[PDB]
Amino acid sequence: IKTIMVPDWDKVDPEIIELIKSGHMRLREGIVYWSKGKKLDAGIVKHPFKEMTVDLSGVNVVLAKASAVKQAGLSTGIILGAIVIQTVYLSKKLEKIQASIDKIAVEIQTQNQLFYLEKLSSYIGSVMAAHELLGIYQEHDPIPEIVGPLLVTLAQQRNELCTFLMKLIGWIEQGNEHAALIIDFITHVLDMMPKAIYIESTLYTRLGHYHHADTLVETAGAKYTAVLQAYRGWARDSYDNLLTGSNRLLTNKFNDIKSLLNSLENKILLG
Amino acid sequence: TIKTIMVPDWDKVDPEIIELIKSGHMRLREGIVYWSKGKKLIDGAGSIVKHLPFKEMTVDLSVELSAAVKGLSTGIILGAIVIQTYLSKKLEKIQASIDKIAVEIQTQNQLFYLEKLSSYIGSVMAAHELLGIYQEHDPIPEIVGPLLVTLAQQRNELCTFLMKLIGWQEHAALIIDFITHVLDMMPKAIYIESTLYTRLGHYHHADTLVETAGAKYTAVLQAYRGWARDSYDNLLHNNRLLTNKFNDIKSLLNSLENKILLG
Amino acid sequence: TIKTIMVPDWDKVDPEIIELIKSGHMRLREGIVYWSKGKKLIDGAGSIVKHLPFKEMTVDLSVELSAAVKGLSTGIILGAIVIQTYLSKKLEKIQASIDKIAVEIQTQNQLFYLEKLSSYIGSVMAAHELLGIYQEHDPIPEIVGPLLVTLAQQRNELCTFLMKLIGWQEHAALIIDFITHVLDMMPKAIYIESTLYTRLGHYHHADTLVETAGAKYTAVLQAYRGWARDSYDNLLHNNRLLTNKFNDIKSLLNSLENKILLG
Ligand SMILES: [Zn+2]
């Protein structure tokens with residue numbers, strides 16, 4: 001049971017709504033702006049919010065489609081993004097990932113851990129700090145000298161994680177149920193990443209760089225999708241060898257892989 | 001042992017400013033008076049109201065308990081001591097205990113949390129250095145900004161590390177002393193973080209960050225309390241040592257110093 | 001005959017602003033509240049404090065004497081009437097009397113003073129126009145500045161002209177009526193000049209200019225008084241006309257309206 005802030009369209013000028021419908025204006029996190037090449041002489045259009053209640057109980061967060069009285073994917077993505085940015089929904093998943101790290105660190109070979117769990121923990125810390133910074137917010141006082149370096153670190157760590165994440169499947173043959181642990185960990189990290197991308201886009205929007213935010217979502221989502229496709233290929237080539245001569249738990253984890261590949265939540269978050 | 005700090009000299013402050021502070025229209029942090037959120041009466045863009053005049057004050061560092069005899073002034077002097085002197089000794093002692101703790105948590109294979117903690121020390125120290133330079137010189141946002149990002153990141157990861165420590169004889173005494181002192185350090189570092197925000201002219205950011213970071217610190221503190229309440233009897237020579245450690249825990253749980261620092 | 005003016009709506013003003021006005025820290029002119037000279041309490045560069053909220057008020061123009069029943073408010077409403085309505089009629093009547101006065105002063109061979117007076121009318125009118133445009137729109141310094149120079153120049157030369165007129169039957173009645181009405185016009189034009197200064201953000205300039213220009217006006221007025229005291233008996237059908245003219249002189253000499261307009 002949480003209370004978020006959603007755009008109050010009854011207080012929005014109808015011409016703004018019509019220009020949004022025609023594709024001349026776009027929206028990200030309660031801020032309207034001109035679409036690329038659609039401005040009608042430099043520069044932001046307009047920022048009104050009202051309360052909405054959502055019950056965060058393993059609840060399907062996409063709780064949004066039900067909330068359905070006016071103009072569908074647009075408002076659905078609006079409420080999804082509000083849930084991601086304002087609630088503790090992502091904090092619980094980050095703490096779960098840290099718990100998985102804690103458990104995996106004692107179930108591997110010390111020479112095979114190397115430095116990857118450290119990088120994952122650092123990235124989780126950066127995402128937590130970014131969500132916290134999103135929590136402190138003064139609309140009439142931007143903080144570019146802080147949001148800038150934060151976006152830097154977030155971009156570096158996300159790009160690096162994209163390059164070394166699938167490598168971690170090797171930990172299946174490097175134990176000290178184990179394969180299920182590793183697969184679950186990788187799936188949850190991948191499921192978290194689009195939320196972090198959406199946080200990066202929100203931070204870009206807070207600085208007034210809306211087109212930057214759109215393009216960043218596109219390119220980061222492209223790299224993330226490439227990693228997902230590598231994950232899919234590995235699952236296709238390892239399903240039989242893992243479920244024969246090595247039962248219910250691993251099958252549930254492979255089903256979780258398939259659900260990650262068809263995540264409507266991550267599709268909405270990534271445009 | 002005798003130190004000299006700068007404190008607001010209210011005899012050089014116009015009484016109308018004092019009054020608007022007492023009416024809640026204005027707030028104060030580390031020598032800066034500013035308008036409260038949504039309480040600005042004049043027409044303008046910023047929120048700064050006044051840079052306070054400073055007088056010298058002698059303190060004896062040999063802390064929450066002599067001055068302020070003429071809640072607000074207590075917090076002012078406490079923050080002045082935290083900023084201008086006290087935390088460096090705590091950080092030195094924390095750094096000194098890192099190796100023996102590494103020995104005791106080696107089987108968890110997450111020693112990098114002790115590296116980052118050390119980095120956190122550096123960061124806090126660097127921050128404490130900047131404020132010193134900023135006692136007579138202008139704050140530089142290209143320097144304060146990245147340091148604030150690093151401080152936030154490392155503070156969040158340190159909270160996760162303390163949670164993992166709680167989740168994991170004399171081994172217990174060593175780890176309990178470590179956890180207690182690291183937790184005790186955190187509110188001062190939060191205060192330093194917020195003072196950097198203030199030096200950048202973001203006073204509302206500073207107040208709200210104290211709120212949020214203190215809530216996270218309080219969540220960790222309550223986890224520590226829950227652990228200490230369910231483990232005191234199953235752990236009792238060394239009995240007196242563990243009893244002193246649990247008394248230190250209870251002192252941290254009711255720390256007036258940290259409650260003042262966290263608002 | 002019924003006119004509507006904008007007056008400060010004090011029910012929409014924070015009481016602390018009102019209080020700082022009453023303590024002398026802040027002053028007011030035509031909808032603008034600003035810090036008094038050397039009384040600014042906050043840290044800043046400008047002197048602006050507040051743009052007052054405005055309410056509608058009906059007056060009947062058919063003036064210093066109904067409203068303000070809830071010295072300061074009297075001056076506020078008087079200035080609002082001078083700015084937003086009243087002076088135009090006075091200027092029209094002055095312009096209408098210029099030709100007959102030219103006939104009566106032709107032997108002095110300084111009729112250009114009547115040309116400049118006419119220009120002064122234009123200038124004042126143009127100024128009155130700008131303020132109207134400036135009720136909803138931003139003042140433009142490249143427009144207000146040169147007009148202020150012209151207003152100052154023409155006001156000084158008009159004072160010299162009035163002195164020369166004083167230095168120079170029914171001829172007397174005509175010239176006395178002219179002098180009395182021109183002098184009566186001057187304080188309103190001074191007020192308009194100062195309001196232009198206010199619209200440019202130069203409030204202290206406006207107050208000091210009212211002071212200096214009013215001192216010059218008062219010097220001319222006292223010359224007029226000295227002339228009227230030494231000429232009333234040597235000038236007395238037309239006797240009633242001259243008596244009415246001298247009564248108008250005495251009314252101008254004790255004009256509460258002009259004393260309020262000139263501070
Ligand atoms: Zn390392």
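Proteins get letters first, then strands, A, B, ... in listed order; numbering begins at 1 in each. Computation of the quantities below employed the complete heavy-atom set of this structure, encompassing side-chain atoms and omitting hydrogens, waters and symmetry-equivalent molecules.
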J.: Heavy-atom distance under 4.5 Å to chain A: side chain of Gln108(B), backbone, both or neither?
T.: both
J.: So which residues of residues 152-163 of chain B are in contact with chain A at a heavy-atom cut-off of under 4.5 Å?
T.: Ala152(B), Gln153(B), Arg155(B), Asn156(B), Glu157(B), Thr160(B)
J.: Looking at chain B, which one of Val147(A), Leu150(A), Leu117(A) has the largest number of heavy-atom pairs inside 4.5 Å, strictly under?
T.: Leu150(A)
J.: Can you tell which part of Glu132(A) gets under 4.5 Å to a heavy atom of chain B, answering side chain, backbone, both or neither?
T.: side chain
J.: Output the option from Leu133(A), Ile124(A), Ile108(A), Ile143(A) having the highest count of non-hydrogen pairs under 4.5 Å with chain B.
T.: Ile143(A)
J.: Report the distance from atom CG of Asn109(B) to atom CD of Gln109(A), rounding to the nearest 0.5 Å.
T.: 10.0 Å
J.: Picking from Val127(A), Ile101(A), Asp141(A), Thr153(A), which has the most non-hydrogen pairs under 4.5 angstrom with chain B?
T.: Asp141(A)
J.: Within a radius of less than 6.0 Å around CD1 of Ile44(A), do more than 12 heavy atoms belonging to other residues, nucleotides or ligands occur?
T.: yes
J.: Below 4.5 Å from any heavy atom of chain B, which atoms of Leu94(A) appear? Answer side chain, backbone, both or neither.
T.: neither
J.: For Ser47(B), is it the side chain, the backbone, both or neither that has a heavy atom under 4.5 Å from a heavy atom of chain A?
T.: neither
J.: Under a 3.5 Å distance rule, please check whether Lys164(B) uses its side chain to pair with a backbone N or O of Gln98(A) as donor and acceptor.
T.: yes
J.: Let me know if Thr110(A) has heavy atoms under 4.5 Å from chain B in its side chain, its backbone, both or neither.
T.: side chain
J.: Spell out the residues in residues 188-213 of chain B that have some non-hydrogen atom less than 4.5 Å away from a non-hydrogen atom of chain A, in order of number; otherwise answer 'none'.
T.: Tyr197(B), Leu200(B), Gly201(B), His202(B), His204(B), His205(B), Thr208(B), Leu209(B), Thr212(B), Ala213(B)
J.: Any non-hydrogen side-chain atom of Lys116(B) less than 4.5 Å from a side-chain atom of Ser122(A)?
T.: yes
J.: For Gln135(B), look at atom CD and say whether over 12 heavy atoms of other residues, nucleotides or ligands are found less than 6.0 Å away.
T.: yes
J.: Assess the side chains of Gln110(B) and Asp102(A): does a donor N or O sit below 3.5 Å from an acceptor N or O?
T.: yes
J.: Within a 6.0 Å radius of atom NZ on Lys259(B), are there more than 12 heavy atoms belonging to other residues, nucleotides or ligands?
T.: no
J.: Hey, does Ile146(A) have a side-chain heavy atom less than 4.5 Å from the side chain of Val149(B)?
T.: yes
J.: Check this for me: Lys2(A), atom NZ, are more than 12 non-hydrogen atoms of other residues, nucleotides or ligands nearer than 6.0 Å?
T.: yes
